[PDB]
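# Coordinate analysis (summary)
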Protein chains: 2
Amino acid sequence: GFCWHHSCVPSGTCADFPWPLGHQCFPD
Amino acid sequence: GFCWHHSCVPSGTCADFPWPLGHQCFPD
């Protein structure tokens, strides 16, 4: 999952980040 | 800024996330 600024999304949330990150999905 | 998998993005980069993140920027 991903917690950023206290906002948390569950495991399985995949987000498209800019380069060089790209599509990063969060298993936690 | 933000960095993940050694790929870092500069301070002020913004990315699109689902709720409850929504529109998030990486200030550091």
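In this document, residue positions are counted from 1 along each chain in sequence order, independent of how the entry numbers them, and residues without coordinates are left out. To read the labels, note that chains go from A and ligands from 1, taken in the order they are written. Hydrogens and water are ignored here; the side-chain numbers use all heavy atoms of the structure.

Each copy is brought onto the others through a least-squares superposition of its C-alpha atoms. With an axial shift of 0.2 Å and an RMSD of 0.7 Å, the rotation relating chain B to chain A amounts to 176°. When the rotation and shift are considered jointly, the pair of chain copies conforms to a two-fold rotation axis. Within chain B, the C-alpha atom positioned nearest to the axis of rotation is that of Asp16 of chain B, 3.3 Å from it. Contact between two residues is taken to exist if any of their heavy atoms lie within 4.5 Å; hydrogens are not considered. The share of interface residues of chain B whose copies in chain A are also at the interface is 75%, consistent with both copies meeting through the same surface.

The subject of this paragraph is the environment of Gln24 of chain A. Strands here mean DSSP runs of E at least two residues long; helices mean DSSP runs of H or I at least four residues long; both are numbered from the N terminus. Within the secondary structure layout, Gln24 of chain A lies in strand β4 (residues 23-26). Partly exposed residues are those whose accessible area sits between 20% and 50% of the maximum for their type, while under 20% is buried and over 50% is exposed, using a 1.4 Å probe and protein chains only. The buried category is assigned to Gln24 of chain A, whose relative accessible area is 10%. Each C-alpha atom of the pair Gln24 of chain A and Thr13 of chain A lies 8.7 Å from the other, and the pair is eleven residues apart in sequence. Once you skip the residues sitting within four places of it in the chain, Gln24 of chain A turns out to touch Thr13, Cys14, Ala15 and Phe17 of chain A together with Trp4 and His5 of chain B.

As a further point, take the interface of chain B and chain A. Contacts between the two partners involve 20 residues from chain B, matched on the other side by 15 residues from chain A. A 1.4 Å probe defines the accessible area here, and the buried area is the portion of it lost by two parts on being joined, summed over both. Between chain B and chain A, roughly 1400 Å² of surface is buried when both sides are summed, and carbon and sulfur atoms account for 76% of that area. Three residues, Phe2, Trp4 and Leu21 of chain B, lead the burial of chain B against chain A; their summed loss comes to 32% of the area buried on that side. Among the secondary structure elements, those contributing two or more residues to the side of chain B that touches chain A are β1 (2-4), β2 (7-9), β3 (13-16) and β4 (23-26) of chain B. Counting residues per element, the side of chain B that touches chain A draws most heavily on β3 of chain B, which supplies four residues. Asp, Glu, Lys and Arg are counted as charged, while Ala, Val, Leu, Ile, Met, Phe, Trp, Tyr, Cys and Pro are counted as nonpolar; the rest, among them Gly, fall into the polar class. When grouped by side-chain class, the residues that make up the side of chain B that touches chain A number 14 nonpolar, five polar and one charged.

Keep in mind that these numbers describe shape and distance, not what the molecule does.
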